[PDB]
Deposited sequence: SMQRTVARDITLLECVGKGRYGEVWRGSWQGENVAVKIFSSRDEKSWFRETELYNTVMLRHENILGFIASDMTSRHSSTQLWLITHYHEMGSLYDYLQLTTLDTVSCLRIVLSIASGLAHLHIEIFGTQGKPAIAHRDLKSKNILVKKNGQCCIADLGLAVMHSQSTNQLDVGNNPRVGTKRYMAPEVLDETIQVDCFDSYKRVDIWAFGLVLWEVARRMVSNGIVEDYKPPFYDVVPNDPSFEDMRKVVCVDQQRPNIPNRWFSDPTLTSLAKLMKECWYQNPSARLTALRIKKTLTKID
């Protein structure tokens, strides 16, 4: 049989130190192609190893298609091929979109759903998985209004470091209990609470909305250092601001309480992804 492997790379939709992401075409159909820098080869290996261990299939996890290694003259080319989400990242989407109650809740419940699926061990099944770099740039918006979680290059399985702005206090003060898998789930919950805050700001109530800002925009520089973050989160124990206007709106009042229970200094006090889902299903 003919094994058609040609992919037409059509447009670059992302360039960073990680490498590049392209909109590509396979057999008439959009795919996303991440081309890894040599600097970030271990992210390709880790995601490939995870998918070789468990073929995750979930509506709120970016859909895996292929891992490709090609020999070149004097280098190795590493590609990850996934589903393509033309609306782009949640970070992108929140810059110039505002939300209503239904669309805000749908976004955050879909993220909680994907995260709880990563976190749960299923016997028969899947290992428990922690993401370790959850943030709004690693979430994609689907046309049906739900999101999906992307980038398992730092993920850990039970049975590069995270983005500093989203690091939990125990990561910044190096007290994280690295031999306890639940430690990594609790780091993801902290980061989820920050994402919840980013999204909730863009939800309109009584004709008011906040501008898009990243977590801690008001207390750290762009590209904050590890020390900048440690002083804010660990030493001074700051948390993102909850605007007064949220307390006039029942949805944002509930969401403020939820994000507070993701930001406890004590990791074991934080909500689980399953508890977050249940709470979000009881809002509105």
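- Missing from the model, relative to the deposited sequence, are the stretches 1-3, 128-129, 165-176.
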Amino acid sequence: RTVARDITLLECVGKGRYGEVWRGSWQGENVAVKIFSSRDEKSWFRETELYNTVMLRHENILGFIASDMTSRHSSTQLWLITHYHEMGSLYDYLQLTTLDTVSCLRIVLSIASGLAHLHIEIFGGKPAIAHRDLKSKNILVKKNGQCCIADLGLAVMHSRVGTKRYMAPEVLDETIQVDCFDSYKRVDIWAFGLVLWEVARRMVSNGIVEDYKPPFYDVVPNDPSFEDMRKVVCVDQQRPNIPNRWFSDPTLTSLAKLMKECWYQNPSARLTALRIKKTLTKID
From here on, numbers count along this sequence of modelled residues.
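What we label the rigid core is the largest C-alpha set whose atoms superpose within 1.5 Å from one form to the other.
- In 6 other deposited structures of this protein, superposed by the rigid core, the C-alpha atoms of 75-83 lie farther from the shown form than the other of 99-107 and 75-83.
- Take 11-19 and 268-276, fit the other structures onto the shown form by the rigid core, and average the C-alpha distances in 6 other deposited structures of this protein: the farther stretch is 11-19.
- Compared with other deposited structures of the same protein, residue 159 meets the criterion of being unmodelled in at least one third of those that resolve residues on both sides.
- With 202-210 and 68-76 compared on mean CA B-factor from the PDB entry, the stretch scoring higher is 68-76.
- Stretches compared: 181-189, 95-103. Higher mean C-alpha B-factor in the entry: 95-103.
- Within the listed group 59, 40, 228, 49, the record reports its top CA B-factor for 40.
- Compared with the other modelled residues of the chain, the Cα B-factor recorded for residue 218 ranks in the middle third.
- When the modelled residues of the chain are ordered by C-alpha B-factor, residue 153 sits in the middle third.
- In the deposited entry, the Cα temperature factor of residue 85 sits in the middle third of values across the chain's modelled residues.
- Per the deposited record, the Cα B-factor of residue 135 falls in the lowest third when ranked against the other modelled residues of its chain.
- Residue-level temperature factors show residue 126 in the highest third of its chain, judged at the C-alpha atom.
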